[PDB]
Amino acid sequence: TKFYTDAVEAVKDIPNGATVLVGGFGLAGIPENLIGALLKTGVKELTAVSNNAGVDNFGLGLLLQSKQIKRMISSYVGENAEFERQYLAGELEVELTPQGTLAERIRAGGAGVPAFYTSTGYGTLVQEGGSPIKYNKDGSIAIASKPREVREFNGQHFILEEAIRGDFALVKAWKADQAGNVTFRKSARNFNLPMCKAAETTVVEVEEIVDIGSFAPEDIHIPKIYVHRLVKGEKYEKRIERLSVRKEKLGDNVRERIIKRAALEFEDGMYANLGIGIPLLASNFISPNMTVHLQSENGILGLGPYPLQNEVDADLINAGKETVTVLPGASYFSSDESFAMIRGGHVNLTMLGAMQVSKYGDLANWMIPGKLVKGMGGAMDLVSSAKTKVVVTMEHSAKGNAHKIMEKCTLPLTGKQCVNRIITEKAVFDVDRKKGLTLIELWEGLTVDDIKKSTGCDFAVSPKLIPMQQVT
């Protein structure tokens, strides 16, 4: 490990056109001093591999404003006007990559694995190709993603994904000892850890340089062997994107009914990953005596309530980028380990919203051609495992009684045959492996006929059809 005092000196040799991995999830764990260093060198045409694109004036966004990025490889790019303008203007190439796939590919890149198979993205634009990478001035697509190879294993379909290696990796860590060993604080770890292993030259900026012995040899997140260049951050703003505090939620009729039904999916000792909104709100009605373990794909197991003014930490945020807290017994881990857990099917329940759900469990909730193209985030991984139960919480129909439940989705798919249950303010549907969409619950006062005209496809009706339940 070579130590530097000046950050510019640590990245003055990054070549124009270089692939650079940039740690960070939202504004948590971003190497701001190294980013500031690139602003100064004026290096350009970079291919930035980063989960997100920061915001307009922080993180990657700063390199977007200075036009130093030619191509981005990320999972979610919302909340960044500069990114949106460049991407839609044809000034920025972007490869929307499932967060978990992105993490494992970086991981493979550092582990000498040129390629591996995954089910994430199977049955979507990731596998089929066609995802917009570059737009023309008029709005048409100039560059689309190419299809992936599909291979069968044990009766299931997987696609071939290639490792990601960088010439450089700009990493943000918490502490580094005088030997070069590195550790990360809370959820600020995310992609920084795997990124330290997949680049020819890894440059790490820490908030503190510590003495050798500050860490137990068993608790070193990144061994020195991976840290090529190290520099102590000169300054840290640690901006908070979404300040969420609780002073120590039902809303309207439709949302309230969905929340109260969704709350009954939770089971004692269950490991769950909940999308922001209804699912997360439903966790608020979980019995005080029931133990549910919430997982955050950004690397957290044991999520807690929103912090009080004094518990607000920029290094601790949920997948929705909100400042949160963790409960005693919680654990943190990298983005790649996080998706290994999700892809491997160790999470019992995944509950999220959706724009469309098909008769046999297809899900569509990440893109609307020509209207909404911000990436899939970790939504494709969250629904990729067969061992995980997937529940969708959503209005039964859209405005004008526009169907959201249909035979097949008209919107780009997040996942194929992955939804196990659907909960709307009007009904609850199970998607059994043989019959498909099956009405098991119906809101009081409504008839099967009311459901038929609100639903886009025909469905089986359970002989045990009960009035829709509501958390007591």
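Start at 1 with the first residue shown and count on from there.
- In this entry, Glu248 and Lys249 are separated by 4 to 9 residues of the deposited sequence that lack coordinates.
- Mean CA B-factor, 140-148 versus 218-226: the higher value falls on 140-148.
- Of the two segments, 429-437 and 32-40, the one listed with the higher mean B-factor is 429-437 (C-alpha atoms only).
- Looking at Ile317, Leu88, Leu382, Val206, the one whose CA carries the top B-factor in the deposited record is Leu88.
- Each of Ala386, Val390, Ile258, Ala330 has a CA temperature factor in the record; the biggest one is found at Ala386.
- In the deposited entry, the Cα temperature factor of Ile451 sits in the top third of values across the chain's modelled residues.
- Among all modelled residues in its chain, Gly130 ranks in the middle third by Cα B-factor.
- Sort the chain's modelled residues by C-alpha temperature factor and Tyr236 lands in the highest third, per the entry.
- In the PDB entry, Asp268 places in the highest third of its chain by CA B-factor.
- Among all modelled residues in its chain, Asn52 ranks in the middle third by Cα B-factor.
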